[PDB]
Ligand SMILES: Nc1nc2c(ncn2[C@@H]2O[C@H](COP(=O)(O)OP(=O)(O)OP(=O)(O)O)[C@@H](O)[C@H]2O)c(=O)[nH]1
Ligand SMILES: Nc1ncnc2c1ncn2[C@@H]1O[C@H](COP(=O)(O)OP(=O)(O)CP(=O)(O)O)[C@@H](O)[C@H]1O
Ligand SMILES: Nc1nc2c(ncn2[C@@H]2O[C@H](COP(=O)(O)OP(=O)(O)O)[C@@H](O)[C@H]2O)c(=O)[nH]1
Ligand SMILES: [Ca+2]
Ligand SMILES: [Mg+2]
Ligand SMILES: [Mg+2]
Ligand SMILES: [Mg+2]
């Protein structure tokens, strides 16, 4: 009999994972503070990693990698890519970015004066054409901010002249195998892209919360969500290419590059406790079919149709691998 | 790296490597605490013997 | 040298006490004449804890035998190991206590108690470093209950910094001599709450059920019940009698087992309990059985409460790796029955010397809040009579007032609610 | 030459002290009768090994050591052991009844009655010293004597020897070998009271030693003997610089100078390699140096990747030359996360002793050709404090077992006072490393 505890009530993914664990009859849920568990579904902030792996006779596993925040915070992600030789200042799949404390403001002004000169600032997002209005908006805030080049030529879905982004779900197990869920999702904007009206933040932002508050939510696809089978069919019909060739090869390359870079810092191979974690990678595609990395989410929610399959895959490869009972993933070899 | 302060002798040697440069209570007070704890023990025992005497 | 002074009082106390000395004398290689005849230095390494050395390297139990009538003691003296005891340590009267706490505590026992304290003092004076005392007695009679708790009170007055430990047999209507047992037990329990550091609660109800259901003894005698008790007493004292690291003396045991001074009443357990026996036991079987409710001697269901502290003692040649394994198994499988505000509250010891007739055994000592069921039982039986003042004349005739009964009832109900407080915390 | 006096308090300190002095004698070629043939200055001298051993006119080499325990059974095994002739009865101090795993009983009740005798026996050793540099104190956190009497002794040593350095070797409690439930209480109480009196403390977590013995020595259920022989090897590697010719860590002051820039943060993490089963390929300088950054080899299980370093010392024994150390360090720095605080140099102080580690004949450790102990002051060791303070908080919220301490004359306020100091200590580590 295996035992686990739950410490993030707000996690959509791990509310379902705990259900499947209880449904096997071989897992048992304990109270929040009971230290005698095999599996911890930990809290988002200040997870007590220092108290794990010190209980005699218990193999302990947590659903978060200590140190993975450096990939999942926008400021530290920019710093990681610049300062890591494995990713380097040359990095072609990451938009030119600069960390601005309310610091590299002088190196930003230099590359800006050399120069389309539209950037985007984010931590509450500002898209401007002049650097003065960007820096003024950052200093009005108290949080560390980052600005990067706005992709002025995104690949637009037709009909609709619509922006989009690609969300990929990646599971990294305790052995640091990298598993890419075969099902991704496109969060698509509903309004035509407007290169001369950056003040309107509806056709430029493809987030679900922003599109559900634009008067075309659900017009072309349900919930502004297009899945891989339809997108691949569109690429074949419209551009005579496939999702795998034009986009997915670059996605798998970026996921491998990011996760291999921090592996020595976060690996639990010889640690007294073990870690796995589910990541949400957000990508952008330009009109030349080049994939850009936008953001890495350390605590992602899933697509509502994909919850059942992805959470079962989490139980299969991340949990039952360490605790055996009585493929939907693409293994990214490295 | 830079090696400095290399000292050698018959039984070994030592040195330093730099990879990067940088960027009480008195005897009286103790006796007081020991006797205060002693008096608290004595008070608790006296209360017990008083209880047993009742 | 960490000596313990043993006292056994009344009929029950002397009958289980005699069996205890019979059992541990055999384990330490001491014959009925007091001479050692064993084949291991483990037997003698801590033998001074319970025995004095006499002339010619004779070993004499540091034991005092007390009763208000001569019957049981005469019998002990005629018993198998009867001559082992120091003849001066037999202290007895003639009147008896008539199953009456007031006679033991206030009248008949008051006349004899000084003689007992003289023998206690003489034993304590020849102790290099006395740890404290262990008392065996029943709570349902008059001498063990009434005079036993009188002795505890006077021993505490004279030796206030010494540990007081008791093996206390709790009465049950299932195995009853008189109707007044709940009165005697309720009066005694309040004495134990105030004056003992550790009390092993031995419920005659549990002993009978084990003899009948498990041991397949259709008609159990007091002798059958005392077989379980002496076996349990040997197990719980193993840490005191043999070289060991955990709970090796009375004060360390109390510090590990008693988080709050009034909650010092333990449920003991033993494994194996098997019908008449050659079959080898495994470590998983010892561990599962010692934690089984049917192997515990207090007639309380541990699943109705929570464990504050547990001490487990394994005896015989076995794998310490497997012992550690199975013990961690039980905690991590039913961790809801252990309080979480006392981390690592289950402690395990291992002794190589097994008891007589066994290759492996396990003894269990639990401080569980489920023990409140035992005190609830006694309180219900007490109240059923006290509400009508039934049989009270036996006690008011010895000078007691009804107010002393009301206080005792109030005191034991307070103990019950204190257990319930930490069961929900 | 400046002398060092070792003090062993309680069962853990005494039994570890036995292991260490057995190892010291094998390392220096001292026979159990006390004779040392290689020593040609019969009856005296100021050699490096004289830091730990005095000499009689008959050529006996006597440890500068005092053993103190509140019950006699553990020290009696010193009086009758292999090295009984080494010590004379004045160095072995025993009481009648122990502290019952109770800090208050060890500190207040029994400590008040025996402290003057202990200091008298230490004074007798100090009077044989031409230039005493201070004391090495061995004790457990969890025992009543190791916790309670040590802190009293450390206070009085600061009074009677104000200018002398004091180093600790402290056994941190681990439930799979621990004997008491109240060990978190005793640990916080003795750390609070000792914190201002100790210049440098080497904590050893029994959980780490236990697992190293199981994993590397294939011992299914390690005993105290197994644990103590491994601990003695690490202690010897730390004190070798005081006992042999050299230029690194040659006096107790240099331990603080090289490892403790901030006085309260004086708990270096020790990591040792290689640990090889005697019943079992010789590892290179690069491999044993790489092993110093594996948590599985640390004396306290924690993750130095998620803290910052303040200082790092590498202590090699055996066939090691500086060129291979520097090649090993260059390789490791390119492949590992080693972040120093900004106000400290990213550097390593290296000491090499050519004599390979001595192993006890018939022990569990194989003889190796090169070994290393890394002493690093990293904020990651604060994980050990957070674990201990959390167990304290769980019991103290219900006041479990507090009556035992109050019953010995301690005030309940000392609990919260000690706990607040520990909370401030955790803040200091956070202020430095995050
Ligand atoms: N590594 C190691 N740990 C020990 C040894 N002896 C005891 N311990 C640990 O020390 C703690 C218990 O403290 P002790 O040193 O035995 O107790 P003490 O200092 O004698 O104090 P009292 O017995 O209470 O008077 C537990 O955590 C044990 O695991 C030993 O020989 N080696
Ligand atoms: N450099 C850039 N060029 C073009 N579009 C960009 C961009 N940076 C951000 N965007 C757009 O802004 C949206 C939100 O960006 P970002 O990922 O920084 O915010 P976010 O963290 O709230 C999304 P989530 O929380 O769902 O992972 C994206 O959907 C993307 O379409
Ligand atoms: N287990 C056990 N219980 C006993 C024995 N003798 C009496 N009792 C119980 O003890 C109580 C009677 O007390 P008893 O010891 O005979 O009275 P005393 O001589 O005045 O102390 C009742 O609860 C009996 O069931 C015995 O030999 N073994
Ligand atoms: Ca000499
Ligand atoms: Mg985000
Ligand atoms: Mg009777
Ligand atoms: Mg001790």
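Chains as they are written, first to last, in the working numbering: chain A, 8 to 341; chain B, 6 to 59; chain C, 171 to 595; chain D, 23 to 456. The C-beta atom is built at its ideal place from N, Cα and C for all residues, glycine as well.
- Using the beta-carbon of each residue, find all residues closer than 6 Å to any heavy atom of ligand 6 and list them in chain order. C:181, C:311 and C:347
- Message: Within 8 Å, do at least three Cβ pairs link the segment 541–556 of chain C to the segment 461–476 of chain C?
- Response: yes
- Query: Anyone know if the C-beta pair for residue 32 of chain B and residue 90 of chain D falls short of 8 Å?
  - Reply: no
- Task: Using a cut-off of 9 Å between C-beta atoms, extract the partners of residue 326 of chain C located in chain B.
- Result: 53 and 57
- Message: I want to see whether chain A comes within less than 8 Å of residue 209 of chain D, judged by CB atoms only; does it?
- Response: no
- Query: Alpha carbon to alpha carbon, what distance is there between residue 143 of chain D and residue 179 of chain D?
  - Reply: 13 Å
- Could you give the C-beta distance for residue 3 of chain D and residue 298 of chain D, rounded to a whole number, given that I count them as a contact under 8 Å? Because chain D here runs from 23 to 456, residue 3 of chain D falls outside it and cannot be looked at.
- Nearest to residue 46 of chain A by alpha carbon, out of A:332, A:280 and A:132? A:280
- Item | Beta-carbon proximity of residue 97 of chain D to residue 116 of chain D, cut-off 8 Å | yes
- Task: Say whether chain D places a C-beta atom closer than 8 Å to the C-beta of residue 25 of chain B.
- Result: yes
- Item | Entirely enclosed beta strand (DSSP E) segments - the segment 396–436 of chain D, minimum 3 residues | none
- Item | Inside the segment 81–152 of chain A only - beta strand (DSSP E) runs reaching at least 3 residues | 104–107, 126–129 and 133–135
- Task: Indicate whether the contact test is met: 3 or more Cβ pairs, each with one atom in the segment 193–206 of chain D and one in the segment 503–514 of chain C, closer than 8 Å.
- Result: yes
- Go ahead and label residue 311 of chain C buried or exposed: buried means 16 or more other beta carbons lie within 10 angstroms of its beta carbon, across all protein chains shown. buried
- Task: Return the chain-ordered list of same chain residues with a C-beta closer than 6 Å to the C-beta of residue 400 of chain D, the five sequence neighbours on each side being excluded.
- Result: 291, 326, 329 and 331
- Any heavy atom of ligand 5 within less than 6 Å of residue CB: hits in chain order: A:302 and A:304
- Task: Taking a Cβ distance cut-off of 9 Å, strictly less, list which residues of the segment 360–375 of chain D are near chain B, in chain order.
- Result: 360, 362, 363, 364, 365, 366, 367, 368, 369, 370, 371, 372, 373, 374 and 375
- Query: According to DSSP, is residue 56 of chain B helix, strand or coil?
  - Reply: helix
- Hey, would you say the C-beta of residue 233 of chain A is under 7 Å away from at least one heavy atom of ligand 2? no
- Item | Whole-angstrom distance between residue 214 of chain C and residue 236 of chain C, CA atom to CA atom | 28 Å
- Item | Closer than 8 Å to chain C by CB, residue 63 of chain A | yes
- Pairwise C-alpha distance: residue 29 of chain D and residue 157 of chain D: 7 Å
- Message: Less than 8 Å between CB atoms is the rule here; does residue 58 of chain A satisfy it with respect to chain D?
- Response: yes
- Just the C-alpha distance for residue 11 of chain D and residue 442 of chain D, rounded to the nearest angstrom, thanks. There is simply no residue 11 of chain D to check, as chain D begins at 23 and stops at 456 in what is shown.
- Message: Run through chain E and tell me which residues come within less than 7 Å of residue 33 of chain B, C-beta to C-beta.
- Response: Any reference to chain E falls outside this structure, whose protein chains are A, B, C and D.
- Would a check of beta-carbon distances place residue 278 of chain A closer than 8 Å to chain D? yes
- Message: Can you tell me whether residue 167 of chain D sits near ligand 7, meaning its C-beta is under 7 Å from at least one heavy atom of the ligand?
- Response: yes
- Query: Listing by chain order, which chain C residues have their CB less than 9 Å from the CB of residue 43 of chain B?
  - Reply: Residues of chain C passing the Cβ test: none, with the nearest at roughly 13 Å.
- Bridge partners of residue 14 of chain A, per DSSP? Residue 14 of chain A pairs with nothing; no bridge assigned.
- Got a sec? Which residues, its chain only, sit under 6 Å from residue 262 of chain D by beta carbon, not counting five neighbours each side? 375
- Message: Run the Cβ filter for me: residues under 5 Å from any heavy atom of ligand 7, listed in the order they occur in the chain.
- Response: D:33 and D:120
- Item | Proximity winner among C:330, C:572, C:561 and C:301, relative to residue 54 of chain B (alpha-carbon distances) | C:330
- Query: To the nearest angstrom, how far is it from the Cα of residue 141 of chain A to the Cα of residue 135 of chain A?
  - Reply: 6 Å
- Task: Taking residue 309 of chain C and residue 338 of chain C to be in contact with their CB atoms under 8 Å, please state how far apart those CB atoms are, rounded to whole angstroms.
- Result: 6 Å
- Any chance the CB of residue 313 of chain C is under 7 Å from a heavy atom of ligand 3? yes
- Message: Tell me which residues of the segment 500–518 of chain C have at least one Cβ-Cβ distance to chain D shorter than 8 Å, keeping chain order.
- Response: 510, 511, 512, 513, 514, 515 and 517
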